[PDB]
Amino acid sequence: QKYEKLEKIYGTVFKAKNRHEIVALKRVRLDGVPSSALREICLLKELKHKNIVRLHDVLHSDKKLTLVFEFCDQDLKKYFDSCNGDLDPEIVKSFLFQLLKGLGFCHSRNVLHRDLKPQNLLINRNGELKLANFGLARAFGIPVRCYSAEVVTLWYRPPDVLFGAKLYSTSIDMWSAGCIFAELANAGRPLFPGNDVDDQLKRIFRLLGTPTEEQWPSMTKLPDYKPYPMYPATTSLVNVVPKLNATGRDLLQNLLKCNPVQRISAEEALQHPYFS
């Protein structure tokens, strides 16, 4: 309680100051929101990287947990509103790079984010991008029977999880990263804004192609599989991402694979020709 509060930007983020540095507070009521916030604290204490939001301190007073984080000027969503209907190709490149760098770091420390979307990405005035909001994140590596399919915001949720998959790898955040890449490169609008699970799958498949049992053998065994009508794979993503070069589009298709095993990893994506 030595933080001077200011403008009120699972919890609530406030801009604040101490006496000197400006910060963001996340205040959390203690009266399963808490189990979720405890997990976020545990993970962030162990993930220090320039492309991941920094947790400075954790406070406990009057039946509240205050997590004290670094402050960034905006999230990517508000960034999209500030400039309008256009990011320079170089800014697209820079943001994807930093995203993949922070995501590559998480994955290499055995952490899945499971909620990649523009509201969870922070942007400084200096053009630094940081991953935030690890409330849905988790550590992996101990052989488990399964996780949870209740993960990722709808528009960023991959088809295997939409098909009810409870088991998944780092490839889950890679689909989400691809969806963000398309937002960056078009005009900051979601690539797949479905109304619900069914309609989401329709949108993905209409653009990419309903996957065959050839491309994705084990799909019929997923607990909420349904056989959609067999739409044209329109692999010329050119019409959806017109300000992306041939090289950018190649990487974008490799992120956006329906079969989680076909998805490029963060490490491989950074070695992609797109970047240089």
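Start at 1 with the first residue shown and count on from there.
K.L.:
In this entry, is the chain continuous from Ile9 to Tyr10, or are deposited residues missing in between (none, 1 to 3, 4 to 9, 10 or more)?
P.N.:
Per the deposited record, the segment joining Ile9 and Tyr10 lacks coordinates for 4 to 9 residues.
K.L.:
Is the mean CA B factor in the deposited entry higher across 249-257 or across 10-18?
P.N.:
Taking the mean C-alpha B-factor of 249-257 and of 10-18, the larger value falls to 10-18.
K.L.:
Name the higher of the two by mean Cα B-factor in the PDB entry, 142-150 versus 102-110.
P.N.:
Averaged over C-alpha atoms, the B-factors run higher in 142-150.
K.L.:
Out of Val92, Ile204, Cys83, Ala137, which shows the largest CA B-factor listed in the entry?
P.N.:
Max CA B-factor in the entry, restricted to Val92, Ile204, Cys83, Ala137: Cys83.
K.L.:
Place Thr66 in the lowest, middle or highest third of its chain's C-alpha B-factors, as listed in the PDB entry.
P.N.:
Its C-alpha B-factor belongs to the lowest third of this chain's values.
K.L.:
Would you mind checking where the Cα B-factor of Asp160 ranks among the modelled residues of its chain, as the lowest, middle or highest third?
P.N.:
As the PDB entry reports it, the C-alpha B-factor of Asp160 lands in the lowest third of its chain.
K.L.:
With respect to C-alpha B-factor, does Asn51 fall in the lowest, middle or highest third of the chain as deposited?
P.N.:
Lowest third, going by the recorded CA B-factors of the chain.
K.L.:
With respect to C-alpha B-factor, does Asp88 fall in the lowest, middle or highest third of the chain as deposited?
P.N.:
Tercile = highest for this residue's CA B-factor.
K.L.:
Looking at the temperature factor on the CA atom of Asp57, which third of the chain's modelled residues does it land in?
P.N.:
According to the entry, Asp57 has a C-alpha B-factor in the chain's middle third.
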